[PDB]
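# Topology and contacts: notes
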Amino acid sequence: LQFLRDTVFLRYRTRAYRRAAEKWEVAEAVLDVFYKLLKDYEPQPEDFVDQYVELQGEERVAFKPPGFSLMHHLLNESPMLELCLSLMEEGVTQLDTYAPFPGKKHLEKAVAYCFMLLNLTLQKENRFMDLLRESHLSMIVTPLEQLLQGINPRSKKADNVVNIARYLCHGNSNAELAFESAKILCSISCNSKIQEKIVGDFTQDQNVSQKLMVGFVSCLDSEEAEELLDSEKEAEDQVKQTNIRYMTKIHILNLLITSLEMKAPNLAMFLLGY
Amino acid sequence: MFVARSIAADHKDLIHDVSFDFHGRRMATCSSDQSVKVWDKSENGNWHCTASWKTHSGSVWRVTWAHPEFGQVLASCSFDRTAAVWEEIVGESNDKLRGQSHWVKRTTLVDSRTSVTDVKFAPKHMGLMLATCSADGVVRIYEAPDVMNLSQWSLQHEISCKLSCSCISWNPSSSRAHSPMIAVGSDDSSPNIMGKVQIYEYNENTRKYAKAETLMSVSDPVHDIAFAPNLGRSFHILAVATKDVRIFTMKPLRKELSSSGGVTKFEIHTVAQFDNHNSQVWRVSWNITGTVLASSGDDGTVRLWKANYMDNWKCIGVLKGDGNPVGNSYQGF
Amino acid sequence: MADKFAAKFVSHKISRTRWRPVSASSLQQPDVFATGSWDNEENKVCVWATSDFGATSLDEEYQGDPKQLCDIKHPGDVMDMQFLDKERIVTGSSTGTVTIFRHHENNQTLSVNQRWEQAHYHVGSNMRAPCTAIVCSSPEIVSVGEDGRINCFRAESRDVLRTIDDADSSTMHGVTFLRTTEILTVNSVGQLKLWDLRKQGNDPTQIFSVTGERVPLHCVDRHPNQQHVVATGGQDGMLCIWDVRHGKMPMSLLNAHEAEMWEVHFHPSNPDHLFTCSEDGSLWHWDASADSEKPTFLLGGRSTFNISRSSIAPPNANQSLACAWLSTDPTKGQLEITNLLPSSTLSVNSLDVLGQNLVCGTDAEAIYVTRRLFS
Amino acid sequence: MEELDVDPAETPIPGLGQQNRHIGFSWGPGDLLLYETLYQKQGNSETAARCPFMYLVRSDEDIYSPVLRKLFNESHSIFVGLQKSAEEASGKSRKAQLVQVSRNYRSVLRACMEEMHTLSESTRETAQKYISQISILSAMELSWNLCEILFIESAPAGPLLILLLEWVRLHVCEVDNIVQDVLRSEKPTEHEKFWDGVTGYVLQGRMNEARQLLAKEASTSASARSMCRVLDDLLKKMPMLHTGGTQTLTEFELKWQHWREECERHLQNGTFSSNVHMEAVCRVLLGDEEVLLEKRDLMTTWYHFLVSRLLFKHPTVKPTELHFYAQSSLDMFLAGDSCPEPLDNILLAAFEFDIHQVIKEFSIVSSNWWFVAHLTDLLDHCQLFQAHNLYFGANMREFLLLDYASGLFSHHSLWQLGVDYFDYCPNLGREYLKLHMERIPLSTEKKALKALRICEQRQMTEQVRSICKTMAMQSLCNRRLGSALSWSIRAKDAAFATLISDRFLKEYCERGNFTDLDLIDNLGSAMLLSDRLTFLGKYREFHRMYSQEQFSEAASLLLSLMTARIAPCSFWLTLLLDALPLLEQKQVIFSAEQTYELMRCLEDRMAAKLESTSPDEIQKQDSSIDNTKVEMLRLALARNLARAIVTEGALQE
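What counts, and where the lines are drawn
- Residues numbered from 1 in each chain as written, not as in the entry; some residues may be left out.
- Chains lettered and ligands numbered in written order.
- Part of a larger assembly, values for the part shown.
- Heavy atoms only, no water.
- UniProt positions renumbered as here; feature names shortened; annotations may be inferred.
- Helix = DSSP H or I, 4+ residues; strand = E, 2+ residues; numbered from the N terminus.
- Buried < 20%, exposed > 50% of the residue type's maximum accessible area, 1.4 Å probe, protein only.
- Pairing = 2+ DSSP bridges.
- Expected span 1.5 Å × (residues − 1).
- Contact = heavy atoms within 4.5 Å.
- Buried area = accessible area lost by both parts, 1.4 Å probe.
- Salt bridge = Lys/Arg side-chain N within 4 Å of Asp/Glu carboxyl O.
- Polar contact = N/O pair within 3.5 Å; in protein donor to acceptor, adjacent residues only side chain to side chain.
- Nonpolar A, V, L, I, M, F, W, Y, C, P; charged D, E, K, R; others polar.

Taking the PDB entry as the reference, chain C is identified by name as MGC154553 protein belonging to Xenopus laevis. The title given for this PDB entry is "Structure of Xenopus laevis NPC nuclear ring asymmetric unit". Reading the Subcellular location (unreviewed entry) entry of the UniProt record for chain C gives the comment "Nucleus".

The name given to chain B in the PDB entry is Nucleoporin SEH1-A, with the source organism recorded as Xenopus laevis.

Moving on, we come to the UniProt feature "repeat: WD" in chain B. Residue and element names in this part refer to chain B. When the UniProt feature table is mapped onto this chain, "repeat: WD" is found at residues 10-49, 55-96, 111-152, 160-210, 217-258 and 276-315. End C-alpha atoms of residues 10-49 are separated by 10 Å, and the span's content is 0% helix alongside 50% strand. Note that residues 160-210 is 0% helix and 39% strand, and that its end C-alpha atoms are spaced 10 Å apart.

Quick look at the UniProt feature "repeat: WD" (unreviewed entry) in chain C now. Residues and elements named next belong to chain C. As recorded in UniProt, the feature "repeat: WD" (unreviewed entry) lies at residues 210-252 and 254-296. Taken end to end, residues 210-252 comprises 0% helix and 47% strand; its first and last C-alpha atoms sit 14 Å apart. With 0% helix and 35% strand, residues 254-296 has its two end C-alpha atoms placed 18 Å apart.

Here we take up the pairing of strand 3 (residues 32-37) of chain C. Residues and elements named next belong to chain C. Of all 6 residues that make up strand 3, 6 are buried, and the element is covered over most of its length. Residues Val32, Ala34 and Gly36 of strand 3 are buried on one face, and the alternating residues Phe33, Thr35 and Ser37, pointing to the opposite face, are buried as well. Two elements, strand 2 (residues 14-19) and strand 3, share 5 bridges in a ladder whose sense is antiparallel. By the bridge assignment for strand 3, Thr17 is matched with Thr35. Pairing between strand 3 and strand 4 (residues 44-50): 5 bridges, direction antiparallel. The residue bridging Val32 from the neighbouring strand is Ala49, located in strand 4. Joining the antiparallel neighbours strand 3 and strand 4 is a turn of 6 residues.

Right, let's talk about helix 17 (residues 396-408) of chain D for a bit. Residue and element names in this part refer to chain D. For helix 17, spanning 13 residues, the distance from its first C-alpha to its last is 18 Å, which sits close to the expected 18 Å at 1.5 Å a residue. Within helix 17, 10 of the 13 residues are buried, leaving the element largely enclosed by the surrounding structure. Among all positions in helix 17, only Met396, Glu398, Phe399, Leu400, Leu401, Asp403, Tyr404, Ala405, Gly407 and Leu408 are buried. Where helix 17 is buried, its residues meet helix 1 (68-86), helix 15 (355-365), helix 16 (369-381) and helix 18 (415-422).

With that settled, the discussion passes to the interface of chain B and chain D. Chain B puts 82 residues into the contact, and the matching count from chain D is 71 residues. In total, chain B and chain D occlude about 7100 Å² of area from one another, counting both sides; carbon and sulfur atoms represent 57% of this. The interface formed by chain B and chain D includes 3 salt bridges. Across the pair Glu69 of chain B and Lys469 of chain D runs a salt bridge whose closest N-O atoms are separated by 3.5 Å. Our count for the chain B to chain D interface comes out at 45 residue pairs in polar contact. Taken together, the elements giving at least two residues each to the side of chain B that touches chain D come down to strand 1 (15-20), strand 3 (35-40), strand 7 (83-90), strand 21 (281-286), strand 22 (292-297), strand 23 (301-307) and strand 24 (313-320) of chain B. Taken together, the residues of the side of chain B that touches chain D sort by class into 34 nonpolar, 30 polar and 18 charged.

Written out as structure tokens, the structure is:
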């Protein structure tokens, strides 16, 4: 564990590459592994019970579940957070490079593992905190929305959500990527006290909001209109992506209803143009 | 604040001098016990009898150490008509190993047939010589040519200094435009004789010492003689020890233009004269910076004299070995 | 510009570089130097030679070269390796073994003299541990480790002369002389600890932590302008400077960064310039003051994005200027660290500065050197 | 010190007061090395008991107190900041930074004070010397405030009164103690120190809370309520800059006199004729000196006496009359009970400006030239001053600099600041540095080397080379020829370099081989100094041109080297012994005539060798073998040269 995380997951970025494509597939080879770890590890209440065990009255160290540990590390500041961030910025960057590259493919795969891994992180952190609350063991965890507004220490600004949104513009043929971005957005939105920060993020700049509206127009102008969904020449791909952005707007509207369930501000007036 | 004992080292006889390292931590006692005892101030400071070996015959009056660039070498004088020379050589290569040490007589200057009244090495700037004086009125001046060639000693020069030699003194010199000089205080008794202290210079074109001066004034057997350390000091001062205390300032007023040497024009003032010891004053000891002088006499007291911003001189310490001195003191006008 | 570097692609990883000593005091670069492996081919100690100084050396690649001489292989990484005297070598093993050679420069070999096979270790698991810091003032030897023991030895012994154990010990980061027989460390708690070589006991001899964002301090060293004032670096990014021989107090809390100071080391020819190396992914030269108005060693290097060499001087007639040192209230600003990346570099694990000369070996599989640190 | 000749400051020896003996001496570095010696003995009889005690008389006993290190080091820090600033700044800015550094130094001494406490309440035996040092350092704080305020800003009246009242409130701590006691015991008006605190408030000019207690008094007594109201009006009208800084002093003096006259009016009305405390307050408010001299006992502070005089009567001040007021206040205070005191006269001489005699008073009271040194630096920065300056009759700066550095040398690391302060008296400082350096034990690469650095940036190579050769030869004294070597390369000494080169060559005589060859091979053009090492390295060169059989350039180098005509003959033996097979090989560059000055010099050298010594002093079966081998060698030389001539001629065809 320490081997792979330190020797590789800390060091993979530190490598020299004659061809850039190598970084993509290396990162995928590491991300997928962490995903199986998360996916497999299912917590239990007894995960919190004891570290020294009396082997014949001898309290011996018996290290916690690797799951337990990997969560709690993620649950507090982890370099995993930072490298996830990185992944996101280079994803945005390569997408801004609309000239095709050998490795963009590995990029969407890698960032996809990012989305879905973090999704499971969310679906399990709830129960983890839940078990923690009764526990007499002193563990520290920070809820992740706080991370989402944390000051990114390369830009010195909380553009986590902005980086999330940057992929909506890029999803001109990436209904998946738009989908995972938005579903994570609403999964976060499941709680309160963020519309203020969201409004500030929107209100940085006119040109920021202009590229934003370009992206939202890209997301919305095809909710059944791609000129290929009825074509059997392209076949299953078009109808499948129609399904995809169908669920996207599903959860878009779920999020909007939740936002209006709270008082002003509510970002739907914004998004409608108000 | 160290209280005084009368308890002394295991020397069954009078202890003559103690000499300290010109680089620190090391000391040695010379006595009439004939055994030279090298003590070493430990890191805790505890100095123990680290060495003790015989060196001479008769009362070994004086041990003089030399800077390790001289080698870790020493001179010693005693009632043997001669002067002994010991360097401590050790075995092996000192990296993290310390082998066995051993005392080495590099030489012993027979000094004709005359008792070595004083003896000490030569200053840095003039090459590496050494001077011996005897009650013969004759001063022998010996030489070692090369760095590994220590044991050999040739009388490079001799200066005949009229009355029997007692106490000698090297002039500090560090300028090529400056010259080496020697002052000689005589312990012969003649009220008739003025200038009982004689002063010689090296006139370089003559390649030789001439008589620079005498103290036509002195008819008292000189106990000891002591130049003040003067190398940035643009003139010189002399401390002279007998029943009283003589302090003289010697300023180059005329340095000649075509007749330098033989004698050069100096103003000499008796810038101080004191009987405050109220007894015969044996030795005066300078601070190495040449700013402080200690003085002792038969009463076992030491008086401590300095110069002010008029350069005049006051006793700033009075230390009793027959009693218990008083505390602090300060004053202005 | 600042005297560009000679880079020799050594095809080797570097962990520890330490000058071959001749003790006493002299200015030259020790042409001879012993090297502890990060992973060269194995973990080993090699002997290497450097054509000292731009004088009589501008050749053998471009601006000199270090050359392999011999080597002998070593269990446990060489995290630290210091020299007792001219040719007696003491290194720590990751196997928790204290290893002492006598080098043979003429035979080009290393002699396996003395081994304390026993060192710092974990309790409740019965597992061995490497040593955190070795202390060599000939011939007294001190060892300190993760578990917190104290290992006091006279030179030349294969059995422990003493190991001070405590009812209170911790993880230790960096050590420095305060005096000849006084010692300080910075710890992983934000802890400044003191001891005297002669007097010790149970639980740390002296313990300190105060307001000012105590963070795990990783590196400590005694200033190239004075020893009893020392500097420490830790997690928060702020450098903490202190004056001691029995009591601590801050010269400065310089807001010199925002993140961990892994290792800091001191400029000889400039008792007031610094260097920092960090496996956060960067390596900075630290300079007095700030601003680009003085030659910028804040953004200097990085191949591109280069900036330095700006100057202006008041004649002191009707002109006034003030700077940060003239303020004694704590929490000062940044003080000019520049990260440098030639075309690409990996974890630099050993570096040395002598005068304005610098050597450094790395995980970038090469060596980087400069004759001059400025221009 | 500054005055460098004083009454002998004798150092007590409690020994030899009952058990005397004659004394012997040697000088310590900053201490004094006394022992017993046997000549002109004070005592009686011999003694031989192996006595290992020492006599270390210390004028540097200060080094053994724990706080002085912090004292002087942080003084050092602020000080060096001061000087490194002194080349910059101007006028108004300069004044501002002066005041700044003043406050900084006072705060530092304050910090010393609180930590000094922390020591004292812990200690039960050493607390008394802590008391002594706290007393002196408090004296320096108070005096330092007085001097700065009196001089630095050189401000006019008004702000002067403000700052002096701030001074007094800083240096007087009783009033808050009475505050705490009054709040501690019962109600403030029921407190026995009620009116005591009220008097303190009147003294401190804090009429707001003074009226707060006046309210308690008026509530308590229904007869003094109007009395308190009148006094409250007085406290409302009293001077807090009656007119602003853009006004004229005429208007402020008008308001002052209006307040004054109404206070006398109310007094003579008999309005305050039933409350002793408040009517005494009325005399105080009118500045009536009888009450002041009565309260002298509760005062204990005749400077407070004078400041009360000035405020209650002299809202405007004149420097010349300040001395007059001081005289009057001093006489009135001594009238209660005259007793000897330095500090009063010291601060007098402060008000009559004579900084130098003030310093003299300090120097007779104490022995710490430190505080005066900082006084001096301030006066240096003050851009000209004269109170009978003793810098035009003495040199206070370098005096205290050298005293200070001399104290610094006392510790094996604490001398370093002495270096930093010879950084400002070097015409004797650097030389005294080398002086003390050679005299003190030393090993340390880095501190020594840094002293070197310091030197060369000042371009002072002479002592440099002296020390380098000295410590190199100590290196070889430890049998370390390598450090000797590199360090001679540091000193640039062809003499010793050739010497140890010849030691190398004797090692080659011993072993026949090279070691650490490249360590010299890399030395490049620097080789030109040591000719013996130059020859040895060129022998290496020819040796390996042999080992890879580099005939042409090998022979050319050998020719050049021998034309250079360097090294002893016994080795040119082996030289041409190795030159043999080249001479054998068919080569046209062979210049037989040059080979023959080689051989004729060989004849010359073998003749000289025979004259100087016998080739073989050992009689053995192999000595004649070696000899006849030598003759055979030269015979081989002749025959091979003959063959080479044959080949050359056959090729000249």
